[PDB]
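**Q** I have a structure I would like to understand better, so I am pasting it below and will then ask my questions one at a time.
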Amino acid sequence: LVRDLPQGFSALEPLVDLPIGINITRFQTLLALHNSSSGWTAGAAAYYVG
Amino acid sequence: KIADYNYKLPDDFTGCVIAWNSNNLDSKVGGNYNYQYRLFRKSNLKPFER
């Protein structure tokens with residue numbers, strides 16, 4: 001349990017190659033937390049990017 | 001010219017280019033082989049970008 005991303009080090013491993021020769025200039029992440037039972041509205045979630 | 005304005009290979013391309021004389025197919029008999037573009041928008045069309 002920490003206030004924010006804890007100091008430390010880790011390494012990542014690969015999944016796919018996806019050989020698609022296209023020009024990407026943009027990106028969007030989306031998830032629906034809209035509870036239609038009470039009303040459609042953004043929920044309590046967040047993410048980090050860099 | 002055919003490469004610069006349509007399809008380019010990288011400087012370090014590794015592999016093989018295989019071509020044969022197809023003079024008895026749609027290429028000669030009433031076909032419409034096209035998209036032989038002669039111009040450009042910015043520069044040579046970035047190798048492997050479609």
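By convention in this document, the chains of the structure tokens carry letters A, B, ... by their order, each chain's residues are numbered from 1, and ligands are numbered from 1 in the order they are shown.
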For chain A against chain B, with a cut-off of 8 Å and counting only C-alpha atoms, what is the closest atom pair and its distance in Å to one decimal for every residue that makes the cut, ordered by chain and number, as CSV?

**A**
residue,atom,partner,partner_atom,distance
A:21,CA,B:49,CA,4.8
A:22,CA,B:49,CA,5.9
A:23,CA,B:49,CA,7.7

**Q** With C-alpha atoms retained, write the just-selected residues as a PDB file, in the first residue's frame.

**A**
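So the final result, stored in part.pdb, reads:
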ATOM      1  CA  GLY A  21       2.894  -0.786 -42.195  1.00  0.00           C
ATOM      2  CA  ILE A  22       0.699   2.209 -41.341  1.00  0.00           C
ATOM      3  CA  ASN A  23       1.177   5.756 -40.039  1.00  0.00           C
TER       4      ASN A  23
END

**Q** Any idea what's packed within 8 Å of residue 45 (chain B), counting only C-alpha atoms, ignoring anything in its chain fewer than 5 positions away? Could you give it as a PyMOL selection string?

**A** chain B and resi 4-8+40

**Q** Could you dump the residues just selected with N, CA, C and O atoms as a short mmCIF file (atom, residue, chain, number, x, y, z; two decimals), in the first residue's frame?

**A**
data_model
loop_
_atom_site.label_atom_id
_atom_site.label_comp_id
_atom_site.auth_asym_id
_atom_site.auth_seq_id
_atom_site.Cartn_x
_atom_site.Cartn_y
_atom_site.Cartn_z
N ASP B 4 9.95 4.84 -56.05
CA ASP B 4 9.86 6.10 -55.31
C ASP B 4 8.43 6.56 -55.10
O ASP B 4 8.09 7.09 -54.04
N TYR B 5 7.57 6.34 -56.09
CA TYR B 5 6.22 6.85 -56.02
C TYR B 5 5.18 5.80 -55.65
O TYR B 5 3.99 6.08 -55.65
N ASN B 6 5.62 4.58 -55.34
CA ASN B 6 4.66 3.52 -55.03
C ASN B 6 5.18 2.60 -53.93
O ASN B 6 4.61 2.55 -52.84
N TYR B 7 6.23 1.85 -54.23
CA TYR B 7 6.76 0.89 -53.27
C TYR B 7 8.28 0.85 -53.19
O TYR B 7 8.96 0.45 -54.14
N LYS B 8 8.81 1.21 -52.03
CA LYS B 8 10.25 1.18 -51.78
C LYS B 8 10.68 0.05 -50.87
O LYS B 8 9.95 -0.36 -49.96
N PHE B 40 4.39 12.39 -56.08
CA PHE B 40 4.54 12.20 -54.64
C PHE B 40 3.90 13.35 -53.88
O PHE B 40 3.62 14.40 -54.45
#

**Q** Hey, what's within 9 Å of residue 43 (chain A) if we count only C-alpha atoms and toss same-chain stuff fewer than 6 positions away? As a PDB file with N, CA and C atoms, in the first residue's frame, please?

**A**
ATOM      1  N   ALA A  32     -15.963   1.572 -20.339  1.00  0.00           N
ATOM      2  CA  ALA A  32     -17.267   2.033 -19.895  1.00  0.00           C
ATOM      3  C   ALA A  32     -17.550   1.741 -18.425  1.00  0.00           C
ATOM      4  N   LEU A  33     -17.616   2.800 -17.623  1.00  0.00           N
ATOM      5  CA  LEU A  33     -17.993   2.693 -16.216  1.00  0.00           C
ATOM      6  C   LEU A  33     -19.357   3.336 -16.005  1.00  0.00           C
ATOM      7  N   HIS A  34     -20.105   3.474 -17.092  1.00  0.00           N
ATOM      8  CA  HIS A  34     -21.407   4.124 -17.059  1.00  0.00           C
ATOM      9  C   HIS A  34     -22.503   3.153 -16.640  1.00  0.00           C
ATOM     10  N   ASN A  35     -23.039   3.354 -15.440  1.00  0.00           N
ATOM     11  CA  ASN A  35     -24.038   2.454 -14.876  1.00  0.00           C
ATOM     12  C   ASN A  35     -25.446   2.884 -15.262  1.00  0.00           C
TER      13      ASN A  35
END

**Q** Just give me the gap between CA of residue 3 (chain B) and CA of residue 44 (chain B) in Å, one decimal is fine.

**A** 8.1 Å
